[PDB]
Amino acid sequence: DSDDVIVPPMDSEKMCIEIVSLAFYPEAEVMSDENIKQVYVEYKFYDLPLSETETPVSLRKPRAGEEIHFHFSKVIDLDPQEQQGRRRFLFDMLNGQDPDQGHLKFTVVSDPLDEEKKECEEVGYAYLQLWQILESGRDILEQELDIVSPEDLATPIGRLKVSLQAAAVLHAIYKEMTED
């Protein structure tokens, strides 16, 4: 035509993980601890550096009834032949074979205002069970996980919302690694 715009030239083989937002219960110890001013969230995935899987910003600890919002999204390549080791890491996890017994663990960490690593403290953990995504066959957006106290790994201190796009790829990995 030339009512034509010129456009120059430019997966179940990837997973996306978003750390969406979190809240703490008002009675949780972290909420009365004045030394805990701001938090971030991290997880460790296979051999990716931790610097790539932490929320890039720390946010003020929420007040009662407030949520803080990170919206930190990370796409992890899981190409069937270049990302064999990541795919097998995920397979072991689906089979409940890892330290966390089939869960991807998110850690909430207190960040001092001066950002000194040696004074960071783990405030709580949230566990996401991968097998569930495999079984359900779909991805839940803003899935809410309990954040549990580091003291017993059981008493809730808050709630962490995450979204994973992973069903398509966990399903391809499970298929591949049980018979291919």
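Heads up: residue numbers just count along the shown sequence, starting at 1.
- The segment from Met10 to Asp11 is interrupted, since 4 to 9 residues of the deposited sequence in that interval carry no coordinates.
- Taking only CA atoms, the mean B-factor in the PDB entry is higher for 141 to 149 than for the other of 61 to 69 and 141 to 149.
- Mean CA B-factor, 94 to 102 versus 70 to 78: the higher value falls on 94 to 102.
- Each of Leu134, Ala126, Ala154, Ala28 has a CA temperature factor in the record; the biggest one is found at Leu134.
- The entry lists a Cα temperature factor for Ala172 that places it in the highest third of the chain's modelled residues.
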